[PDB]
Amino acid sequence: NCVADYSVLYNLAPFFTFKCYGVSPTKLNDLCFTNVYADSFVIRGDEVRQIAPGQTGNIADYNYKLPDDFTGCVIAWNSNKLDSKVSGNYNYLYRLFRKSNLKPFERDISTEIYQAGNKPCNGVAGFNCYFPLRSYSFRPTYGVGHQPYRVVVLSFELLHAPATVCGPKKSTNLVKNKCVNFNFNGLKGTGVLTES
Amino acid sequence: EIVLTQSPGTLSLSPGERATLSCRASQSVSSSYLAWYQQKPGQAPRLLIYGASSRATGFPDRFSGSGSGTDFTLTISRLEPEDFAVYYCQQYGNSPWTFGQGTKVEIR
Amino acid sequence: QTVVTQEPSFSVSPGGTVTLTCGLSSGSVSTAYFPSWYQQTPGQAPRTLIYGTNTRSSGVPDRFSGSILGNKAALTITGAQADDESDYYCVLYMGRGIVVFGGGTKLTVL
Amino acid sequence: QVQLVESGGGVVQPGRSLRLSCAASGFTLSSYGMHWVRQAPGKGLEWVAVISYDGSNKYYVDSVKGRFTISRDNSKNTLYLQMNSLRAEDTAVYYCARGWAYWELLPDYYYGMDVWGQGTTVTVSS
Amino acid sequence: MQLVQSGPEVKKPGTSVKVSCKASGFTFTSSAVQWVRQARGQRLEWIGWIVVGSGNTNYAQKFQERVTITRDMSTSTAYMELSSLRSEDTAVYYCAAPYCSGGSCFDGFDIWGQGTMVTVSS
């Protein structure tokens with residue numbers, strides 16, 4: 001229940017890739033679509049393209065999968081100075097030994113070690129019973145490959161019944177005492193305008 | 001950390017024996033964390049029986065044994081001609097994975 | 001259940017650099033274990049020193065720094081001082097709230 | 001000032017109960033997690049009772065499962081550690097440490113024990 | 001199924017070691033590679049167990065130091081380097097790699113290597 005304008009969203013970090021699916025990056029403000037769900041996190045650079053709608057990979061099936069019919073898109077910028085530490089900021093990490101392929105948009109929270117069946121490891125964390133996660137490094141200096149990239153994935157729904165963010169923007173100036181057409185708020189008409 | 005010291009050393013046997021191959025264990029290591037490796041001289045050892053619990057995929061039949069926590073024993077009965085080489089007792093679960101000594105069998 | 005590997009007590013002259021060690025008996029140590037190093041002056045309240053293996057507590061000098069060494073967590077002390085003689089305790093994290101403490105080391109300063 | 005004061009220490013006979021009180025000053029309990037640490041003299045500290053900021057779930061150690069209960073009062077920022085089935089080896093110095101806040105988005109296996117008070121010990125002997 | 005080492009080595013005593021084990025015949029995304037120590041008419045010895053996924057390794061008591069292993073994601077291989085060993089080590093290294101498919105897989109190291117002939121002398 002607010003208006004959203006990404007015209008001011010042009011001003012951001014120079015590292016800015018804005019590609020979207022199902023809608024061109026210009027016609028959203030005029031549209032009157034329903035609610036939108038966002039979530040964001042900072043990632044090693046190389047796989048910012050490995051995250052996309054519904055393709056294979058190590059990261060796609062474990063923590064986040066993106067539906068193919070993806071109404072919405074990703075916004076990525078560079079936060080290396082916001083993230084990297086001299087000794088390395090050890091704060092980010094991802095699932096590494098999930099015994100399944102995680103589907104798009106389901107809650108996947110767990111902290112117990114992975115177990116490959118076979119023999120009952122029973123929480124020893126030895127062989128064939130590994131603990132996933134295995135955090136990143138975030139070196140103070142590194143190439144764009146492991147550069148922490150702040151990426152937000154945003155998905156807005158449709159079906160037009162729960163009007164949530166919606167449209168009407170781009171107002172126009174006024175005319176008076178002249179035969180003109182008009183659309184004041186959704187109603188169309190023509191004629192002359194007078195002080196009433 | 002290495003106290004296996006398997007009883008069989010170098011003993012000669014005629015075909016059709018009652019051979020008992022036994023490995024000890026340093027600690028109360030769980031089953032399936034043991035391995036019996038058959039090395040023919042000149043080539044690498046082969047994995048046949050792991051933890052004295054079940055056989056591997058494909059190997060000679062009619063020999064298998066189930067062992068205790070510190071006494072893994074298996075029975076060899078009327079062995080085929082080329083099962084005559086060094087046998088290795090191998091341990092899993094512990095860091096490091098220390099290795100056994102070796103067992104020799106032959107014929108008079 | 002796992003036990004953290006620690007040494008009972010150290011004895012190092014003031015002004016020197018000493019290493020404190022804590023490791024995982026169950027396997028190699030990754031930074032996901034969140035090693036933490038605290039000093040325990042006997043009979044008093046401990047003071048936060050190291051959390052995250054790479055961050056100090058507020059106001060702590062540049063002398064007590066933690067790190068990772070093979071399958072061991074390493075805390076580096078440069079310029080030992082008479083107050084540094086104290087009991088030290090490590091914290092390792094098993095998921096969703098299992099904090100583990102090892103043997104603890106009495107770092108005495110000669 | 002941000003402080004956790006433990007009150008209720010003393011001599012409690014074996015087999016009895018006690019509700020150890022923890023009063024917090026300076027900060028809001030509902031915004032941070034707590035850690036209860038048992039520290040016996042001449043030995044190592046040990047983790048017993050921990051509660052999340054929101055009280056959504058309860059975590060303990062194996063030795064204290066179902067024999068110690070920790071409860072909270074967010075209306076007036078107070079903590080009540082209920083002691084049950086006390087034994088002679090429970091005699092240790094207990095510290096309350098403060099865990100990180102949800103105001104900073106931190107991952108699971110929540111990190112804590114950043115600041116703590118003087119602590120208070122218990123005595124169980126007959 | 002297939003695990004390949006290097007060939008025989010004639011090396012000068014005391015710079016480093018280069019040796020490889022490249023595996024195949026199974027999903028190498030989550031597996032184990034096992035290095036041991038053997039010599040002709042000699043006691044068998046253990047080197048280490050590593051994977052490509054993430055750093056999780058331990059060594060024997062006398063091989064804790066003067067050792068490096070690179071994971072080498074590509075081509076399903078693993079490298080051991082930087083021995084700084086002694087001269088009396090004309091010994092076999094071997095390799096081991098179990099098969100895995102999907103994550104739940106065998107525990108033993110059945111696919112063993114063939115061996116390497118390392119010779120340092122005058």
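Residues numbered from 1 in each chain as written, not as in the entry; some residues may be left out. Chains lettered and ligands numbered in written order. Part of a larger assembly, values for the part shown. Heavy atoms only, no water. Residues with missing side-chain atoms left out of burial classes, pairs and counts.

Named according to the PDB entry, chain D is Heavy chain of antibody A19-46.1 originating from Homo sapiens.

Per the PDB entry, chain A goes by Spike glycoprotein and derives from Severe acute respiratory syndrome coronavirus 2.

### As for the overall build of chain D
The test is simple: Strands here are runs of E lasting at least two residues and helices are runs of H or I lasting at least four, both read from the DSSP assignment and numbered beginning at the N terminus. What the globule rule says is 2.2 Å times the number of residues to the power 0.38, and the radius of gyration is computed from C-alpha atoms. A 1.4 Å probe rolled over the protein chains alone gives each residue an accessible area, and that area as a share of the maximum for its type sets the label: buried under 20%, exposed over 50%, partly exposed in between. Contacts are assigned to residue pairs with any non-hydrogen atoms lying within 4.5 Å of each other. Only four residue types enter the charge count, namely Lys and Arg as positive and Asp and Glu as negative; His and the chain termini do not. Every charge is mapped onto a representative atom, which is NZ of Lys, CZ of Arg, CG of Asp or CD of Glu.
What chain D contains, in helices and strands, is 0 helices and 9 strands. Beginning at the N terminus, the succession of helices and strands in chain D can be written as β-β-β-β-β-β-β-β-β. On C-alpha atoms alone, chain D measures out to a radius of gyration of 14 Å, which is about the 14 Å that the 2.2 N^0.38 rule sets for 126 residues. Taken over the C-alpha atoms alone, chain D extends approximately 45 × 30 × 25 Å along its principal axes. When each of the 126 residues of chain D is scored for burial, the buried share is 48%. Of the contacts made within chain D by residues no fewer than 6 positions apart, 57% connect residues no fewer than 24 positions apart. Taking the average place of the 11 positive charges on the side chains of chain D and the average place of its 10 negative ones, the gap between the two points comes to 8 Å.

### Digging into the UniProt feature "disulfide bond" in chain A
Residues and elements named next belong to chain A. So the rule is basically this: Two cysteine sulfur atoms form a disulfide, by the criterion used here, when they sit within 2.5 Å. UniProt positions are given in the numbering used here, feature names are shortened, and annotations may be inferred rather than shown by experiment.
The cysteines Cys20 and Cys73 that UniProt joins by a disulfide are bonded here; their SG atoms are 2.0 Å apart. Here the residue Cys20 occupies a position in strand β1 (residues 20–21), and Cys73 occupies one in strand β3 (residues 72–78), the gap between them amounting to 53 residues. Judged by relative accessible area, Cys73 falls into the buried class, the value being 9%. Of the UniProt disulfides, the one joining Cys121 and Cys129 is intact in these coordinates, the sulfur pair sitting 2.0 Å apart. We note that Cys121, like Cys129, is buried.

### Here's the deal with the pairing of strand β4 (residues 45–51) of chain D
Residue and element names in this part refer to chain D. Note the cut-off: Between any two strands, pairing holds if DSSP finds at least two bridges.
A large share of β4 lies buried, amounting to 6 of its 7 residues. Judged from the 6 bridges that link them, strand β3 (residues 32–39) and β4 form a sheet pairing that is antiparallel. Bridging from a neighbouring strand, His35 pairs with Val50 of β4. As consecutive antiparallel partners, β3 and β4 are separated by 5 residues, and within that stretch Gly42 has a phi angle of approximately 75°, a positive value. Sheet topology places β4 next to strand β5 (residues 58–60); 3 bridges connect them, and they run antiparallel. Following the sheet pairing, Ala49 is matched in β5 by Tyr60. From the end of β4 to the start of β5, which pair antiparallel, there are 6 residues, and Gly55 there has a positive phi angle of about 65°.

### Re the sheet that holds strand β2 (residues 36–43) of chain A
All names here are of chain A. In spatial order, the strands read β1-β3-β4-β2; together these 4 strands make up an open sheet with antiparallel pairing. Single-partner strands in this sheet number two, and they are β1 and β2. Pairing geometry for β2 and strand β4 (residues 149–156), over 8 bridges, is antiparallel. Within β4, the position partnered with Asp39 by the bridge is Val153.

### Side note on the nonpolar core
Convention followed: We define a nonpolar core as any set of buried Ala, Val, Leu, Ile, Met, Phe, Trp, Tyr and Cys residues linked to one another through side-chain atoms lying within 4.5 Å.
Counting 66 residues, the largest nonpolar core has C:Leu20, C:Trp37, C:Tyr93, C:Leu107, D:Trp36 and D:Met113 as its most contacted members. The biggest single contributor to this core is strand β9 (residues 86–94) of chain C, with 6 residues. Apart from the residues within four sequence positions on either side, D:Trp36 is in contact with D:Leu20, D:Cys22, D:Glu46, D:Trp47, D:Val48, D:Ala49, D:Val50, D:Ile70, D:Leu79, D:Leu81, D:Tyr95 and D:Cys96. In terms of nonpolar packing, the next biggest core, distinct from the first, is built from 44 residues, A:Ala76, B:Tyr50, E:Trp46 and E:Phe109 among them.

### Describing the packing of aromatic side chains
Defined as follows: Whether two aromatic rings pair depends on their centres lying within 6.5 Å, for rings of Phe, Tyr and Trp, where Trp uses its six-membered ring; planes under 30 degrees apart make the pair stacked, over 60 edge-to-face, and the rest tilted. Two thresholds decide whether a charge sits over a ring: the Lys NZ or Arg CZ must be within 6 Å of the ring centre and within 35 degrees of the ring normal.
One pass over the full model with this rule turns up 37 aromatic pairs over all chains. Ring plane angle 40° and centroid distance 5.5 Å describe the contact between A:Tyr94 and A:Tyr136, whose orientation is recorded as tilted. Here A:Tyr94 is found in the loop between α1 (80–83) and β4, whereas its partner A:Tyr136 is found in the loop between α1 and β4, with 42 residues between them in sequence. Considered together, A:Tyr94 and A:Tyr136 belong to a single accessibility category, that of buried residues. Ring plane angle 85° and centroid distance 4.9 Å describe the contact between B:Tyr50 and E:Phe106, whose orientation is recorded as edge-to-face. Of this pair, B:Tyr50 sits in strand β4 (residues 45–50) while E:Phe106 sits in the loop between β7 (77–81) and β8 (118–120), each in a different chain. E:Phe106 sits in the buried class, given a relative accessible area of 13%. Within the aromatic cluster, the residues linked to one another by ring pairs are A:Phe97, A:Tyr114, A:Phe127, A:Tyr130, B:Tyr92, B:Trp97, E:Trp46, E:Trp49 and E:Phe109. Cation over ring: B:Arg55 sits above B:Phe63, and NZ or CZ is 5.6 Å from the ring centre.

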